[PDB]
Every structure is written in C-alpha cells, then in structure tokens.
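Those sequence lines, one after another, are chains D, E, C, F, B and A.
Numbered according to the deposited numbering, the first sequence spans residues 3 to 228, 231 to 253.
The C-terminal position of the second sequence is numbered 253 in the deposited numbering, with every residue numbered one higher than the one before it.
The C-terminal position of the third sequence is numbered 253 in the deposited numbering, with every residue numbered one higher than the one before it.
The C-terminal position of the fourth sequence is numbered 253 in the deposited numbering, with every residue numbered one higher than the one before it.
The C-terminal position of the fifth sequence is numbered 253 in the deposited numbering, with every residue numbered one higher than the one before it.
The C-terminal position of the sixth sequence is numbered 253 in the deposited numbering, with every residue numbered one higher than the one before it.
Down below is the structure, laid out as structure tokens.
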Amino acid sequence: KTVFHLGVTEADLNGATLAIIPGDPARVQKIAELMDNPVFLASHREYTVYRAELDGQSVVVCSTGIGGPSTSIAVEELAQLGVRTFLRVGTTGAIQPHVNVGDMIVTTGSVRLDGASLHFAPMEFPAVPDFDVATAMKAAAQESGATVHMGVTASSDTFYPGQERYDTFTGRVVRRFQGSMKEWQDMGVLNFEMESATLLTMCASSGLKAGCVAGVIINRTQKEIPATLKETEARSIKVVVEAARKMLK
Amino acid sequence: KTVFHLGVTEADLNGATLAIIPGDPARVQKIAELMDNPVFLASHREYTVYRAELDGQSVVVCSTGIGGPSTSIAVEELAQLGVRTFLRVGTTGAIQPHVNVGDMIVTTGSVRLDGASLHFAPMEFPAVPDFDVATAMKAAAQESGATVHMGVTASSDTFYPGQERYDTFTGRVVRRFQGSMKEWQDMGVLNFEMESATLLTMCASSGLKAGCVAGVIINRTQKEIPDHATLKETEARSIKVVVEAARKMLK
Amino acid sequence: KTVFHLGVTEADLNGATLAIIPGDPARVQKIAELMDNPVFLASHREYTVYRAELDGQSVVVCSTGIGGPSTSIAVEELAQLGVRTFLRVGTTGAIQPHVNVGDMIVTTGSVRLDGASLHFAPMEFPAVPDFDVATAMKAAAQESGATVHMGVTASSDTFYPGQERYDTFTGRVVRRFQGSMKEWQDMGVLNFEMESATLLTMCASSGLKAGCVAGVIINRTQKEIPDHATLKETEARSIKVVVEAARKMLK
Amino acid sequence: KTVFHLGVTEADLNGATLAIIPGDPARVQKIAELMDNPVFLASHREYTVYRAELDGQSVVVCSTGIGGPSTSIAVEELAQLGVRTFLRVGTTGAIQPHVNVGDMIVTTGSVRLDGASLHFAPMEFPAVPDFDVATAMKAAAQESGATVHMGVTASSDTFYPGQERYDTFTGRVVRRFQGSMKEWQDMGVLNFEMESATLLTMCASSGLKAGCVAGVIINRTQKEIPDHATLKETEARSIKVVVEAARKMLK
Amino acid sequence: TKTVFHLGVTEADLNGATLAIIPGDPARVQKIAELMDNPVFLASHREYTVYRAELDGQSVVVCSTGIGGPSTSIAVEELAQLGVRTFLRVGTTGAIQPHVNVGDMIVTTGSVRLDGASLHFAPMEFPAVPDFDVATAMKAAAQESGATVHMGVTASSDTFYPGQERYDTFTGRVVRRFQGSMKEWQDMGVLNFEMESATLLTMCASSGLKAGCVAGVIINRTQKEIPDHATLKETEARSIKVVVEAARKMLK
Amino acid sequence: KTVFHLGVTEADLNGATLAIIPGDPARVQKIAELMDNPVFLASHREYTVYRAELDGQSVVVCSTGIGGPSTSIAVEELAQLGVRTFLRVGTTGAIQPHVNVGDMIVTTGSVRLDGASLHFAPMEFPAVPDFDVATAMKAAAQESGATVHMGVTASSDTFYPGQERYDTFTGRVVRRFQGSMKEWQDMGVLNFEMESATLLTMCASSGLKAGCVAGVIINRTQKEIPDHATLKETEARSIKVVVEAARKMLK
Ligand SMILES: O=c1ccn([C@@H]2O[C@H](CO)[C@@H](O)[C@H]2O)c(=O)[nH]1
Ligand SMILES: O=c1ccn([C@@H]2O[C@H](CO)[C@@H](O)[C@H]2O)c(=O)[nH]1
Ligand SMILES: O=c1ccn([C@@H]2O[C@H](CO)[C@@H](O)[C@H]2O)c(=O)[nH]1
Ligand SMILES: O=c1ccn([C@@H]2O[C@H](CO)[C@@H](O)[C@H]2O)c(=O)[nH]1
Ligand SMILES: O=c1ccn([C@@H]2O[C@H](CO)[C@@H](O)[C@H]2O)c(=O)[nH]1
Ligand SMILES: O=c1ccn([C@@H]2O[C@H](CO)[C@@H](O)[C@H]2O)c(=O)[nH]1
Ligand SMILES: [Cl-]
Ligand SMILES: [Cl-]
Ligand SMILES: [Cl-]
Ligand SMILES: [Cl-]
Ligand SMILES: [Cl-]
Ligand SMILES: [Cl-]
Ligand code: NA
Ligand code: NA
C-alpha cells in the first residue's frame, strides 16, 4: 500500500505507469515543471517524488541518488505501485574524441562495472534498454537539434578509480581498472556514468521497460571545460520529457 | 589478397560493405537467389560465399556454420575485405509460451553463454546489436506481416546441456545449467540460439554493425516438434525478412 | 569548492581529521547537535555536511547516501580534505536469533556483496575495520549500557534480492542469492547492511581508518518488527554511541 | 532411432562404436578412402558422414566443423547412436620454436580457452584424453616416422584474438589474451587449435573415450597465416596416422 | 570415546581443553608446551605433533599444523570434534612494508585470500577475519614483549615462491596473476606475507570458532628474497612467548 | 647454495635427477630402504630427505606433507638442485563403487579443487601428468599384480568439506561442495586426494616431469576405516610400485 523508502502510495501516483528518474533530487522539480499539473508528493533521504501529467496521463518523477544500490530501491518500489516504464536522464563523461561537450548520448548497452546488476541477473545477461524506450529517446534527442550518439556506456560503481581518475588522495587505481579507459575507447565505448548497468539489467530481467539518455558535461580526452554548462542540463531534461511524450501519446 | 578460410579476395566482393550471414551453407544460395545477379564465389569447409546485388549495390552472403568460433572467422575475414555490416539470419527455440512457431525474433541483447565473445570483450560488456540494424530488422519483419518479437536471446555454446535438454546420451546437465531455462523464462528471455552472443559482442567492440533475426522453429514449452511444411516455410519467411532488412540498411 | 560533490574546502572543516558518516542526510544534524558548536557547511544531492567540536577538536559529519557508490565519493573527497578517520553509524537487520532489536553491532569484517569495493581491491582482500576504530566503537557501545555484538556483517548492493527479500514486484531472487541468508546464518554472520563492505575495503586499502557500528532495527530471522518508540530509542542510542566512539579516538 | 543434425540412423552405422572426427568435411572422404568398404551416408551443414571398416569392424567418419559448439553436436549425436570412442584429427599451429611444420602432436591435456567445455564440466575439471586412445595415437604417430610430440595444447574458441593473432581488421587483442602466447610458451604448451578442449572435457566427463592428434601446418614463431604448399603433405600424414590409431584401438 | 583420523588423540587426552595453540612447525610444539604448566606429550603423526599443558589452571592443546591451509584445516577440524573452540596460531612471516623490521610481531586483523582451502568454508566475498577477542589478547601479549607490534592486513598465500612473487627460483617465472602483486599489496598497506591465516580465519570465522594469528618478522622483502639464519631463533623465542601470553589472557 | 626448507645441497643429491615424493615423512625411509645405499640427508618440518640408488643412479626420496602448499615448496627446492622428474605415491579415497581398497590409481588428470595450482597456471590449464611417467606407473602397477585404474582424480585443498564429508564438527558443507561427490561420480572421477592438482599443474607448466600413483585406503560408497593389516598391505604395494616405476624411468 505504502512503500518503505519513497513514502508514497499507489493512490498518490494516480494511475501513472511511466517514471522519469534523474539522479539529483534537485532535478525532480525542474523536470516536473516541464509537464502539466506538477504536484509535490514526498521527499525522504535522496528520494524526491513528484506527480505530473503529459498528454492527459500521469507520470511520476523520482530521483535515484548516486549509484545502482539507491537506484534499485527506487525502481523496485515504484514498480510495486504500478509503474512499468522508466526513463533515466543524467550527466556523463565522454571518452571518445569525436564526442562533444553538449552532445546527448542514448545508451544501447552498458558495460557492467557495477555490483547491483548481479543482484538481478548473472554477469552474462545483457544490460540492454527496452527497444521502444531507446527508440523514443533517440527521436527526442535528435528533435532537440543537438548531436546525438547511440551506443555503449561504461557504467561504474565509483566516480573515481573505476573511471580511471588518478587525481585522488592515493593516486592509485587497482589493476582491473589500470588502462581500462583506453580499452573501452578501443572497443568504441562512448561514455562513463554510474546508474545504467543496474537500471537496465534489473529492468530487462524483471519485466520492465527502461532507457538512459545523458548530456555530455565533460570529455575525458581533452579534459578542458568551456563554463556555461547549465544549458546541457536544460537540454537533457527537455529531451527526457519529450521521450516520455512519445512513450505515452 | 585471399583470406585464409573464406578463399575470396577484395575484388570478389566487388565493393560490398554489407553481409547476410546464415549458419547453414544450404541457405547461402537461396538468399542470393532473391537478389539480383547471384554469383557464386567459394565453398570451403562450412563457408559458402555468394555475391549478389541489391538496389545496384553488391551484397555478400556467407554461411557461418554452427557456433561462435566459426562465425568469428567469417566476420573477421569479411571485415578484412571491407565489410562493415552483418545481418545474421538463423533459427531458434522459443522459451516463452506466447511466442509461436513461425514468429520472428529480433535480438536486442544476448546472454553470453558462449566462449568466443570473451575473446573480444570481457563478460561485463553487453552483447548488443547495432541500433540501425536492429531497427531495420524490426521494420522488415513487420512489413512482411509476421508476428515479430523484440527481446533478449540466450546464446549458448551447446545445443544440448547449455539449452537444458535432458533427452541425451547421458541425460545429465551440469550444475551451472540445471534449472537454467526456467531462470531465463522468469527473466523474460525469448529464445535460445548459438551464434548471437559472439557476433554481437565481437561487432560492438570492433567498429562493425550487426544484428540477428531468427525464425522460431520450435517452442520448448510444447513437447511436440513442428512439421516439415512449417520448417521450410519458416526458413522461407526468415530469408525474405533478412533481405528486406538488408535493403533498408543500404539506403 | 575544492572537491566535486561535497562543495566544501579543507578550511571549512577547521582541522577535522575524523568524520562521522551516517547514511541519512536527516541524521547529520542530530549527530552534530550532540556535540559542541554545530555548524551547517553544505548540502548537495545526498551529501549534507556539518562540523562541530568534541572536547575542543573539530569533527566533520557527512551523509553517505544509500550504497557503496555514493559512500565512496564522500570518503574520497573528505580524504582529499585531510580526513583520515571514518566512523560509520547505521541501522541494520539482524539474522541471528540471539541478536535482538535494540542491540548494537560492531562490524569486524564484511561479506563483500557489493561492487564498489572491487574498485579499490580484488575480491580476496578483506573488508575489515581499523582495529583502533573497532575497539573504540566496542568500548563506546558497552559504556552505553547496550548489548553489543562483535562480528561479520553481510554488506549488500541491494536492499531487496541481495538481502533475500521476496516481498517484491517479481517475487524473484537470482540463483546467487537464493538460500544466501540461510548460508549466512549457518556461517554465524550477524546482520545485513549496505555500505560497510565498500567503506572498509576502500579505507583498509587506502591508508585510512574506518569502523562501522549499527543499531538493530529488525531481526529478519525472528520477524521482530518494532514500535516507532523502539525504532526511535535505537536510533538515539546509535548516534550517541558513535559520538562517544569519536571521543575515544581523539588525541 | 534417429538424430537432429547428422541425418543418420543407428542402422546406418552398422554397429560402429568408434568414430574418426576430422574438422573439415572435405577430409571425411579422404580418411574413409584409407579404410575398407567406405560408404557415403549423409551430408548436412558442416556434417558429412561416411561408414567404413578396419579389421572387419565398422567405423564412422564424421566431420565436426570448426569449433566446440559444432563438435559437441556431432559427438552427442554419435553417442546417442552407440559410438563410444572419438578420435579427432586436425591441423594445428605450433608455438614452441623446436616444433617443425609436418610434425605430429598428440594432446595429453588442453588449456580450456573455449566455452562449450563449461557446458559439461566446471573449469577445474581437466581436459584430458582417454589414456588408451592417447597411447594408440602416440604409437600410430611414431610409426609414420614424422617427429611426434606429446604435450599440452591451448584450445581456443577463436582463430584470431584467442590465438593472439594481430594481423587483423582491428589489430586489437583483449586484455586476457594480450600476452597469452608468451605465457603458454613459457609454460611449455606445444600448440594451438580450436576443438580439443571441448572434445576432451565432454568425453572425459561423460563416459566416452577420446583423443586428439594434429599435423603441424604452421609454426607461430614464424608467421600468422598458413601457406598452401604445406597443407597437402601434412594432411596426408595426419589422416594415415589417425586411421592407424583407430586400427590399434579396435583389436 | 572418539579418536580422530589424523591427530590420533582422544577427547579424554585433551582433559577438557577448549583452547589450542597451533604453530606451523612440529619442532615448536614441545618448545611452546614447555613454557606452560605440566606439559605432556600426547601423539605425533605426519606433520601433527600434539601435546597437552595447563595454563592458569586450565587444559590447553599444542598442535602443529604443518605448512599451508590444507594441513591446517585438518588439524583445526579434528581438534574441534574433540571440543576445542579457540585457536591461536603462531608463525613466521615476511615483511613487505619498509618500516617493519626483522624481530617485530604482526597481529593479523584480516587476510588477503590467496589460498584455496578458505573457499571450502566460505565463498571469496566472506572476510578472513580474526575473532576480535583473540586479536585483542594477541595485541596485548605482543606489546607485553617489548617488540614493536603491528596490526594490519596479511597476504596469505598458497605458495612460498610465485604467490609471494619470489623470482629467484628454478624457472624465474611468475604467472600473470602474481606479476607485480607485491607492489600492489605494498600500495594497499598490506604488511606481510604468510601461508596459513586465510584458511584458518575464514574457516573459524564461518564455523563458530575463535581464531587469530600472530607472527614474528623473519625477513623484509624490500631487502632480500630468502630469510637469514641469525635472526631465526631470537625471533622464534619471542614469538612463542607472545602466543603463550595471549592464551593466558584468553583463558582468565 | 643450500635450499631454505629442505636443508640439503646439490652435493647431497649426488647427481640425482629423479625424486620419489610421498606425503607422509614416515614413508621416506621405507621407500629408500627398498633401493641401494640409502642415506639419510635431512629432516626439517614435514620434509624428510633421503638419497638412495637404483640401477647405479642416485634417486632422491622426499616427503611433501599434506596439501599443495607444502608440496610446492618441496618440488621447487628439489628442482633448484637439478631434480626434473617427480613421482608421487600417496593414499586415496575412491568414489566409484567398483574400486576396492587395496587397488592402485594412476592419475591421468586432476580436478583442480586446490589453490596452489593457480599460482603456476590459471584455472583453464590442464592438471595432467607427464605421459612417460604415467606410462611407467601403469606398467609398474600391472606387472606387480595389483589392480590399476587409469583416470581423473579430484584433488582437494581440504580433507573434509572439499571431499563432501558431513560427519564433522558442524555438519556444514559450503554451497560450492554441496552435491559435488555425486557430480564427480556421475562424470567418472575415480578418487579424492589432496596433492595431485598442485603437483601436476606446477610441473606441467614448469618443464618438469611428474605423475601420481595412490593406494586406495578408503571408498566413499562404503565409509569404513580399514584394518591395520589392509592399510599396511596397501602401503607396501604402493611403495613397491613407485620404486618399480622410478626404475622404468631410468632404464
Ligand atoms: O564523467 C562523469 C560524469 C558524470 N557522471 C555522473 O555523475 C554522477 C555523480 O556526480 C553520477 O550519478 C554519474 O552518473 C559520472 O559518473 N562520470
Ligand atoms: O532450439 C534451437 C533451435 C535452433 N537453434 C539454432 O540452430 C542451429 C543448429 O541447428 C544453431 O545455429 C542455433 O543457432 C538453437 O540453438 N536452438
Ligand atoms: O535490514 C536492513 C536494515 C537496514 N539497512 C540499512 O538501511 C538503509 C536502507 O534504507 C541502508 O542504507 C542499509 O544500510 C539494510 O540495508 N537492511
Ligand atoms: O594455427 C592454427 C592452425 C590450425 N587451427 C585449426 O584450424 C581449423 C580451422 O582452420 C580449426 O579447426 C583449428 O583446430 C588453429 O586453430 N590454429
Ligand atoms: O617470507 C615468508 C616468511 C615466512 N613464511 C612462513 O614460512 C612457513 C614455511 O617456511 C610458512 O608457514 C609461512 O607461513 C612465509 O610464507 N613467507
Ligand atoms: O579419502 C581420502 C583418503 C586419502 N586422502 C589423502 O590422505 C592424505 C591425508 O591423510 C592426503 O595426503 C590425501 O592425499 C584424501 O585426501 N582423501
Ligand atoms: Cl542526475
Ligand atoms: Cl544512517
Ligand atoms: Cl580438420
Ligand atoms: Cl611456524
Ligand atoms: Cl602419503
Ligand atoms: Cl559423510
Ligand atoms: Na562450425
Ligand atoms: Na603441510
């Protein structure tokens, strides 16, 4: 009736079966403001929840927090309340030189460098989006006029060593991750983020539709920031909202 | 010059950048036969290579044989002569009761129950089709008015124990694969085949575009295997779909 | 300001080399209020930061959010700002019959059912606390008058399947975790939690000092589900115990 | 009493309990031709099947195609029809400088770099020939008067990256196989082929006798791709040797 | 009237002992029991030399384990069938941190599992951790000796040579897995190499038994590969006194 | 110039290139006394070392103790002093109903249920004997009139749970090994033993010749402790066979 972490009920969702799930609680409201009749529902820990409407239909907006453990909680509890479709929006670091700060990336498969995904399916199972959601997300991202890239995302449990950052307190990166970036680069992996491997594996093995779209906020091959930036977020959230439109009507 | 197993040259392909790759060599000619200017190129081991023309472009048809290892040879060597897109057509066993004998399945991702995918990318890497190919194949399948499913495929190095078959010489399945089919069923996996995990992982980690479309020849929830007039028909429909998909890619 | 997520500088910390790291941002304030001169520093995403004084020395307080990935960012950036000692306080589910709601557990080693710990050390490395931190935590816990258990904690990347919960949307639990609780019971594992394996492995392999203490808010084996009052007293006792442990660590 | 892929009944094999299993369908006839009363039985996909006699007893010749997946189908379906002894003959690449082209190698254990073996036994189980078969093979190989080597074989699911070939479309070798040849070479491993890991594991764990003998068609300390001048002579020796090994098994 | 397979002692022989001291080397069994009260030779079979003694009025077993977790697991299991619940290992170890000297004592607070037999008790993710009481008793016994005492992580290896990344061997070869592992353990703060603690701690920690491991540093791997003779018996002496003191504290 | 554990020199071995390596120190003298000129050399920890002569050649006899870690030190240190061939004789527990107490088993391959084998080669490498040594051992066993079985041996790092014994202090066997005996049984594994996986892998990957023969002292379909008289009988057979095997190697 009423879930452990989210602090909402089935009634609060008003028949919603699609969710937009940004990482940052501070983005939930932003996204809801782009839809119709946004209403605040609840906020507990990293879970801020809104209801809104698109084309006359209920949509839920719920933040995940950073990483797959907290993402998994959110997805499962919305699912218990009737949600069947999940559209993730986020920020990403690009690892290809042809990929630009400001570009959108739609994830066609994730490399599983996370742990939560294994709580749903064995390593050999693909971290793959629902086909309709990936489709809708590509359309939406191209409709924004930005450059869009479809493809493989490296989904890490850490922001630092698992993305091979060396500018850290120790300067160390464990063997498994030493040289990992060049390896992903040669395989044609586009980008780094931290939630998609869990999300996609969990959804694809559990009877749920999911996808991931992210705006590129940094490129790891050049490193340099241009600042501005907020527009990338602005574009990201317009695109995810658009994608939800296409899933609905 | 000449690639080692395929026995063809760059000139032989006549500028083709796309391939249809069935498993069965018998299918190579039947597929070429549906396009323009079918030309036989080579038959070596399990590799029978034709050239043909679609919309004024050369298309290669090349069989892979059964399993990832032999497929991996076909792809790599075709790639060396300049092929960049690979459309696999194969047969499959459904493991969902709603999926009927005759339906088509376009793989959106493969469970890697194979060995050869590991020779290209580590287990964590997704065995996923290139999105355009998968899109092309969906459209082609729908437009031919066939029941088409999009989903995850379990892609196994064996036909028997790795697909949890007990009607065998020993009757025994190793621990890893005992109860495995039911697990795949609970997760929503649609089908069993033997080549896609290798194909998809290889291509996606190598700068090549690939997809896998397969005709359902058996449903593993029913006991009784379907007849000859259905097998031959499934193959016929399947061949049509992949060629139509090839057309959509070329433009 | 000098770190990506936490948005503080080392100066903001006022000398602090010890941090108390609860999971819930809401509890950051309550912990700091048990000490001297609590000061709000920042709040970004799951990360709320306070400093305060214990016996005239600076202590930072910083939420982790739920799970190893968010925990790991907080620890690294706090380490970047000179923090060297990490006192984790949390809630836990018990799996031993002899451990009752309201007891304290001090982790002497974590079962690594997480993924982020593998980003600092391969699986064979022990998820173990700094001995000094564990000692201090035990002495703090006993001096509270509470019942205190020392032992192994199962630290899971999920709240549901990885803690073998079946009260879920699918009701399904992957093979790896089917029967996992029974196995942990038989092995004498004391409790389930979500951040200890990442924290302890990270610190033990990075020249940093860490321990974990948690209040038992449920016993999964017995189905002890407690009052809001009990839940409150337990939370209160935990926070108090961790502040005391902090006081013992301080020179 | 029939089988899915092979297209032959039990009667067709006329009581045969032993099969010679080359990889290449074109070697089936040639091996059959060295025996008595050879009869073509069937051909489907990579499976070409003959029957012949040695010393008044029936023997099956069946190609397996390239790799363990296609091999496992063949071995399983022969086994269903009463075959118990499997003698594989193939071509191999030698990785030790002291092994010459034209030499014979009898495998005494395989490095399992395949995937299909896992479908029969977990990785810890050795990929080991039946002692008798391997004895017969050694004897037959010596009698041919080529140099014969007994030892460990690396059996790979790929021709290219898993045998550390770099003259490829990408030139890329995944971390796991990057430096693998220098490792095998330093462990005294003798050669590379693609089927023995699957064959040996499968039989050794399933109540079946098996071995693998191979003609050296290339020395990998020299070149990557085999040249045609060589294939012809080494083949000739290989196929006589394996027929001699079979005669010896039958008594 | 139970009499175990390898040890060849009975429950009666232990006279109620619930604590054991378990050195690697049979030569040390008598030396340790000789530091105790009323030592009695019980049995010797294979690498298993067993004595009984008493300490602050309670029976104690001394039993060698031999080298490695396989032989250790047999001894621990068989002693447990006979009522033993607490196990204190003493041994030798090689230091891998520059600040740790020959002569120092190292008390293991957790082991890197580079063994095989630990997996026969618990899967890799389970921690090879001592019982907190024993480690405490061991810390305090060790400090009591006026040796420098170090608490930390120990790499517990199934080999003396490649697993501890020794190159001065027959082949000079080290398999990929252990190529450059020493530097990695150094970088992570790991203190020392030895061969029994992962099996011992994982086994007991998952089996309702109390265990710990204290070891004297016989070599520093920043200096040489092979351990020197002069250091041996002085470091042996202090080590066996430390373990005897730790058992006292355990017993009360 | 000496070795660290064995306390012997190259001089002490007097040119010997073959070793007989039993598990039990007690056995070393009894083996040596079956040859010419036995000479006690050293005894330190579990390593008793003798020298003797067989057909005018020096032979070393060196005990290993129980388990692969102590075995590995013994083989390494003997090899540093120029030993190249190692023949293990040990005791074993059969798991097949038709193997009797008293019988000999020569190992053709070991299931690697140990840890130390991984310190010389990764899991996929086969744990297999030198074919010459295994041939010598089979011959030595047949000619002495004992029953010999050739086959696969499960080589375990523990006596108890790794060999799926439940009559233990806990009655607990970890998931990995629950059901494993039946699995080994069903695959045709002959026996259980603790040293062969380490020895065979280490030697096969390091240019040394090795083998393992074992006297069956127990059958797990029986679970009985044998008579003093049948135990001593078996040991006498075991050692006679290994010495005869060593002789065939020197001829
Ligand atoms: O290079 C990047 C850019 C963004 N993120 C995202 O940043 C968030 C944490 O700040 C995570 O949720 C993750 O998805 C990365 O992990 N790496
Ligand atoms: O149940 C089935 C039916 C068909 N196939 C496909 O059939 C071929 C062998 O018959 C293989 O290439 C495989 O991809 C299966 O794997 N399983
Ligand atoms: O049975 C329990 C009880 C508490 N927690 C803690 O509760 C939080 C989830 O709400 C996590 O941070 C975790 O540490 C569990 O994971 N499992
Ligand atoms: O260097 C070589 C030489 C030959 N083969 C054998 O070549 C066949 C395909 O050409 C396979 O069956 C394989 O066993 C190799 O794998 N590698
Ligand atoms: O550098 C060292 C020093 C000592 N030991 C210990 O030495 C004993 C055998 O010599 C083993 O028990 C092992 O624990 C090592 O493993 N490495
Ligand atoms: O059932 C048995 C019988 C004997 N051994 C052997 O017995 C010795 C220990 O008693 C070890 O060397 C081992 O190789 C077993 O492992 N299992
Ligand atoms: Cl976000
Ligand atoms: Cl908390
Ligand atoms: Cl062949
Ligand atoms: Cl010792
Ligand atoms: Cl023995
Ligand atoms: Cl039993
Ligand atoms: Na094939
Ligand atoms: Na030993």
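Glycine is no exception: its CB is placed at the ideal position from the N, C-alpha and C atoms.
For residue i and chain E, any beta-carbon pair shorter than 8 Å?
{"i": "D188(A)", "result": "yes"}
{"i": "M139(F)", "result": "no"}
{"i": "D14(F)", "result": "no"}
{"i": "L83(D)", "result": "no"}
{"i": "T170(F)", "result": "yes"}
{"i": "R249(D)", "result": "no"}
Which chain D residues sit within Cβ distance under 9 Å of residue i?
{"i": "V176(C)", "result": "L120, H121, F122, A123, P124 and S207"}
Taking Cβ-Cβ distances shorter than 7 Å, what residues in chain E pair up with residue i?
{"i": "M152(D)", "result": "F133"}
{"i": "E185(A)", "result": "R177"}
{"i": "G164(F)", "result": "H121"}
To which residues does DSSP link residue i through a beta bridge?
{"i": "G153(D)", "result": "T109(D)"}
{"i": "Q59(E)", "result": "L56(E)"}
{"i": "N221(A)", "result": "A96(A)"}
{"i": "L89(E)", "result": "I22(E) and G213(E)"}
{"i": "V245(E)", "result": "Answer by DSSP bridge pairing: none, since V245(E) is not bridged."}
{"i": "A44(F)", "result": "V51(F)"}
{"i": "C64(F)", "result": "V51(F)"}
Could you tell me whether any Cβ in chain B is nearer than 8 Å to the Cβ of residue i?
{"i": "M196(A)", "result": "yes"}
Nearest chain F C-beta to residue i closer than 8 Å, yes or no?
{"i": "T160(E)", "result": "yes"}
{"i": "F88(E)", "result": "no"}
{"i": "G92(A)", "result": "no"}
{"i": "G117(E)", "result": "yes"}
Assuming residue i and residue j are in contact, meaning their beta carbons sit under 8 Å apart, how far apart are those beta carbons, in whole angstroms?
{"i": "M196(A)", "j": "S157(A)", "result": "7 Å"}
{"i": "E79(A)", "j": "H7(A)", "result": "6 Å"}
Please list the partners that residue i has in chain E, where partner means a Cβ-to-Cβ separation under 9 Å.
{"i": "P228(F)", "result": "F6"}
Starting from the beta carbon of residue i, find every residue of chain A whose beta carbon is closer than 7 Å, and list them in chain order.
{"i": "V130(F)", "result": "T110, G111, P128, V130 and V154"}
Just to make sure I have the definition right: I need the residues of chain B whose C-beta is within less than 9 Å of the C-beta of residue i. Which are they?
{"i": "residue 1(C)", "result": "Since the displayed chain C opens at 3 and closes at 253, residue 1(C) lies outside it and no answer follows."}
So, is the C-beta of residue i closer than 8 Å to a C-beta in chain A?
{"i": "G95(B)", "result": "no"}
Taking only beta-carbon atoms, is residue i less than 8 Å away from chain C?
{"i": "residue 1(B)", "result": "An answer regarding residue 1(B) cannot be provided, because it is not within the stretch 2 to 253 covered by chain B."}
Since residue i meets chain F, which of its residues come closer than 7 Å, beta carbon to beta carbon?
{"i": "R114(A)", "result": "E126"}
| request: Taking a Cβ distance cut-off of 7 Å, strictly less, list which residues of the segment 17-47 of chain F are near chain E, in chain order. | output: Listed in sequence order: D26, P27 and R47.
| field | Near-chain A residues of the segment 46-79 of chain F (beta-carbon distance less than 9 Å), N- to C-terminal order | value | Cβ contacts with chain A come from no residue of the segment 46-79 of chain F.
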